[PDB]
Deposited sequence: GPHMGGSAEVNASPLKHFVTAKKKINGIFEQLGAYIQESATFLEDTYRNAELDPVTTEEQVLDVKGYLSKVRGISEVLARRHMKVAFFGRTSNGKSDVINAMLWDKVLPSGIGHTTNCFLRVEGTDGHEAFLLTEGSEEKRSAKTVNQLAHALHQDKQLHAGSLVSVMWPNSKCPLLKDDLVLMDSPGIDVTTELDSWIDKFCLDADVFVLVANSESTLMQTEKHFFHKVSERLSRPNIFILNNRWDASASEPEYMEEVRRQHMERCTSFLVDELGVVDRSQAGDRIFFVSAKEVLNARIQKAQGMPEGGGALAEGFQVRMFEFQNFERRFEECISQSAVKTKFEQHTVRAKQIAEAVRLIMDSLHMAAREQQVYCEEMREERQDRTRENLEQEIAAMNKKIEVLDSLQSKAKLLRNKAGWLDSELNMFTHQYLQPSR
């Protein structure tokens, strides 16, 4: 019964942990290199640039760790307001989080640990109370500096929703109409959206502007995850026969759109991207169930299960995709950084071994020469030789630790970053 979102949660913690270890390892390496480089008793076995490079990598790794700590899954919802996309988000969250059509901007729902909802617009990080959904709606309408290119974050309490605790963000978009100016949308707000949900009506033809947007999604993102939720499916409660016909036809239209028109999916998983739902039915049932209220429509259990099925296939989709797209570049960077430090330690090991061999040979030659200070001078070179030997041992250990991290990273890649 574990949410598939736990795959993301698990991978995020695992990659953050590796970067913690990578940072610790580079720190130890930097400390070792610096100490070595400052050793005025030896001919140089490392260089300032190697020290600076490894301090530089430490900085970069800590910087990346900060990005990795904040990475989250994002699903973005699109479509006409009248088709109910906001109710789909509300149903998924088991509550009336977003106002539902009678909202200018993008609404980005994020979990907060605080026990009260509030808004954060983004050009100004200034909040607005959102004690109720009506007061939320009025707070957006009150704010006339808002438009369909503004994003407000709806900070919604963690405790109410496990989706939000598992680092899911849910973005509602402005409702689409014919002349909705939306070519800004993908670059400004959707580059990090792991899933795009089109919420449509099974019987209403898709607007050209809606199709145009999902063309742009398919042109701008690499293998974007597109779901089509065909809302108001509860009409099947009273016209099951006609809605079954509608289902077959629209299932085929949506498949052709996803597979042939957009080319973002095979036919084999079309049934996993195209769902027929009744969001407000689900949301109503969930609001009552959350309170222990009892309860109805014909086909209701079937429609509730379909929505739950959508949710599960969505959570599997977003969790697996987001892990891949949001961690793969940093996993690759981490391997490159590990390899850079590995090779410096190998360079140091080798220069220390070469200088050791040199000092051993200087020791043998010293024993061919005058007996004045011979034992003192052989001892000083014995000590240098033993430092060079310890440096080699230390560098080999650090080099093998870099290989360990490469191995952790390879295994993370294998488990979490497959196509």
Open item on the list: Missing C-alpha coordinates: which residue stretches of the deposited sequence does that apply to?
Closed with: 1-10, 113-115, 309-312, 437-438
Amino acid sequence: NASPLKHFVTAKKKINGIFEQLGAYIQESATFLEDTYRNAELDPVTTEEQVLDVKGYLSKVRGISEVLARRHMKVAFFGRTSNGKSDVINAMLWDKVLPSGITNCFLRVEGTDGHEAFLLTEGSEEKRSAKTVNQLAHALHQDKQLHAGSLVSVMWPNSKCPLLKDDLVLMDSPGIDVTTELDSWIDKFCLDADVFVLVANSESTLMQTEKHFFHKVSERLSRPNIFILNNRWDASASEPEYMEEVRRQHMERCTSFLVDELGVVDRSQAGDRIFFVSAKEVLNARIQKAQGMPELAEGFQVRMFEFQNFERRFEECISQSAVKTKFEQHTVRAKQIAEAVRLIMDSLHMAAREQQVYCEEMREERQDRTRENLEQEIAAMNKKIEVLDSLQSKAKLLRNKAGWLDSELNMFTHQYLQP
From here on, numbers count along this sequence of modelled residues.
TODO: Compare the mean C-alpha B-factor of 220-228 with that of 156-164 as given in the PDB entry, and name the stretch with the higher value.
DONE: 156-164
Open item on the list: Please compare 52-60 with 39-47 and name the stretch with the higher mean C-alpha B-factor in the deposited structure.
Closed with: 39-47
- [ ] For the C-alpha B-factor as written in the entry, point me to the maximum among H138, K324, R286, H330.
- [x] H138
Open item on the list: Using only the C-alpha B-factors in the record, can you name which of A352, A30, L374, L68 has the highest?
Closed with: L374
Open item on the list: Please place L120 in the lowest, middle or highest third of its chain according to the CA B-factor in the PDB entry.
Closed with: highest
TODO: For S268, return the chain-relative third of its C-alpha B-factor as stated in the PDB record: lowest, middle or highest.
DONE: highest
- [ ] Pull the Cα B-factor of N134 out of the PDB entry and bin it into the chain's lowest, middle or highest third.
- [x] highest
- [ ] Would you please rank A334 by its C-alpha temperature factor against the other modelled residues of its chain and give the third it falls in: lowest, middle or highest?
- [x] lowest
- [ ] Relative to the other modelled residues of the same chain, rank the CA B-factor of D143 and answer lowest, middle or highest third.
- [x] highest
